[PDB]
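# Structural overview for review
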Amino acid sequence: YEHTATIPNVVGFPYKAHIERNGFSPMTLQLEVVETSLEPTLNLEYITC
Amino acid sequence: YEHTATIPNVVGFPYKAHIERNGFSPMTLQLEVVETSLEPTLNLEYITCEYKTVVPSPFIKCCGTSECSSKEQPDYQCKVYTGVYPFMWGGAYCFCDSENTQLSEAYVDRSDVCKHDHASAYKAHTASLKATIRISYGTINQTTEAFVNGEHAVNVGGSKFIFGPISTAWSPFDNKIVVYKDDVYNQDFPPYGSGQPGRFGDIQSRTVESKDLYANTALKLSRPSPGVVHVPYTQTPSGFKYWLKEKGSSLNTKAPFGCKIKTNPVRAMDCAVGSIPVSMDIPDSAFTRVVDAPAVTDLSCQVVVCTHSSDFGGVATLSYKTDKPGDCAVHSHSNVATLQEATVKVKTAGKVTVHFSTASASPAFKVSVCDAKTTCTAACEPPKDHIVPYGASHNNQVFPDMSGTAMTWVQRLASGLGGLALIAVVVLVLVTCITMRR
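Residues numbered from 1 in each chain as written, not as in the entry; some residues may be left out. Chains lettered and ligands numbered in written order. Part of a larger assembly, values for the part shown. Heavy atoms only, no water. Residues with missing side-chain atoms left out of burial classes, pairs and counts.

Its PDB record attributes the structure to cryo-EM, giving the resolution as 3.06 Å.

As recorded by the PDB entry, chain B carries the name Spike glycoprotein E1 and is attributed to Ross river virus.

Chain A has the name Spike glycoprotein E1 in the PDB entry, where Ross river virus is given as its organism.

## Thoughts on the UniProt feature "transmembrane region" (unreviewed entry) in chain B
Following the UniProt record, the feature "transmembrane region" (unreviewed entry) maps to residues 413-434 of chain B here. End-to-end, the C-alpha atoms of residues 413-434 of chain B are 32 Å apart, and along that stretch the chain is 100% helix and 0% strand. (UniProt positions renumbered as here; feature names shortened; annotations may be inferred. Helix = DSSP H or I, 4+ residues; strand = E, 2+ residues; numbered from the N terminus.)

## Thoughts on the environment of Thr317 of chain B
Residue and element names in this part refer to chain B. Within the secondary structure, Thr317 is located in strand 23 (residues 314-321). Residue classification places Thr317 among the partly exposed residues on the basis of a relative accessible area of 26%. In contact with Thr317, not counting residues within four places along its chain, are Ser300, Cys301, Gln302, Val304, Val352 and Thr353. (Buried < 20%, exposed > 50% of the residue type's maximum accessible area, 1.4 Å probe, protein only. Contact = heavy atoms within 4.5 Å.)

## Focus on the pairing of strand 28 (residues 364-369) of chain B
Residues and elements named next belong to chain B. The buried count for strand 28 comes to 5 of 6 residues, which makes it a mostly enclosed element. Taken together, the 6 bridges between strand 28 and strand 29 (residues 372-377) define a ladder with antiparallel strand orientation. Across the sheet, residue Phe365 finds its bridge partner in strand 29, namely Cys376. (Pairing = 2+ DSSP bridges.)

## Quick word on the nonpolar core
Residue and element names in this part refer to chain B. Membership of the largest hydrophobic core comes to 41 residues, with the highest contact counts inside it found for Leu29, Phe161, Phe163 and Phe173. Contributions of two or more residues to this core are made by strand 1 (2-8), strand 2 (14-19), strand 3 (27-48), strand 9 (119-137), strand 11 (153-156), strand 12 (159-163), strand 13 (176-180) and strand 21 (275-281). Per element, the largest residue contribution to this core is 7 residues, and it comes from strand 9. Formed by 25 residues, the second largest nonpolar core is a distinct cluster that contains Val352, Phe365, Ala372 and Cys376. (Core = buried A, V, L, I, M, F, W, Y, C linked by side-chain atoms within 4.5 Å.)

## Describing the sheet that holds strand 1 of chain B
Residue and element names in this part refer to chain B. Reading across from one edge, 1-21-12-11 is the order of the 4 strands in this open sheet, with antiparallel pairing throughout. Sheet topology places strand 1 and strand 11 at the edges, where each strand pairs with a single neighbour. Ignoring which end each strand starts from, the neighbouring axes of this sheet average 30° apart. (Axes fitted to C-alpha atoms, helices over the stretch in contact; angles between N-to-C directions.)

Structure representation (structure tokens):
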């Protein structure tokens, strides 16, 4: 069953997605972002010392 | 009690026939076609198989002429060649330099395994249906075989059933049929005595045991190479052995209506074609008197869920008043939805659930529970699964009920514009009165 949501990129905000479906009693998911890690691609130009 | 019905020829679709006999509590019979076997009448036209070409040793007459004679043998060929001078391994076979003749002789015969590997050409006509029907009603549940013609009465539980003549005489077999082992071929085989070389039936026999063989292989003798004994000849390759690789896939993979084609005897199973009339003579002992049944009253229906899927995708809860517990017959009086269950225990618990299958966005159908009747109504969503390995249990009636949302909107718009048009009529009639009174 394809369903879509959009959760805040807020760590520890426990967004809850509700699925309503014809055959079935509705379901609430929790989607809690425990961490994010935004990592740049790095090109080394040079070393200084 | 005479009753009549008409069940689809769909195998594994359980029909429900409801009898509302005035003196008795209703009963729902379930009628399921378990198997069908459409069997054509066959006339054997001829047998075909690979030929055997019989080539004796050459009757080489050294130092002399030879006559030759005509013979009755199939495709028989004979020639006497003058001026032969053959060499065997040890020298010339003949002393005379040219006064020798090689009598070449050849003919066609039926192959020695034609008893075992042959194709039979049939005319296939006036097919007949036999069906394996399952009858269940009350405590009686039995599976019986009936010929589907309006004469073979079969007994279940003391009930005569007559499965009347099938609604259409269609069959997947064309008028000309070729049968080979497990396979059946629709094939306009050439008439006996007119088969052509290198094609199916270049040799033809009226039966596998027949003494008389037609052969038309275009066998021709040719002159032997000088000094060589070999009775050289040319002949068109076995048309049967060409056929065996040219057949392609058989009728078992091409018949309409999903028929499964089988040999020995030639038959088409499970053809989903037409419908079968049924006549019942149910005895009085099969019904329960109205005193014995529960007096189900104040019946109402809630559709707990509905998907208009091919399975029994809807669920109803029926609620009751009753004097006693008991079995009631259950039915749906509209073909928009068919019910999985034929009878239910009515309980003092006051409610029961019944499953149904339907194809429409918003069905409404009168269910019943013994005498009580109520109109179930639903909002049914489409299924999410595009393809399923099973046929539809509903009748594929898709037009929505007039109380549904689509017909509600349609009836609002149509009554709106119709009311506006009637008001404009009233205006015009009133004005055209006034303009003639004044």
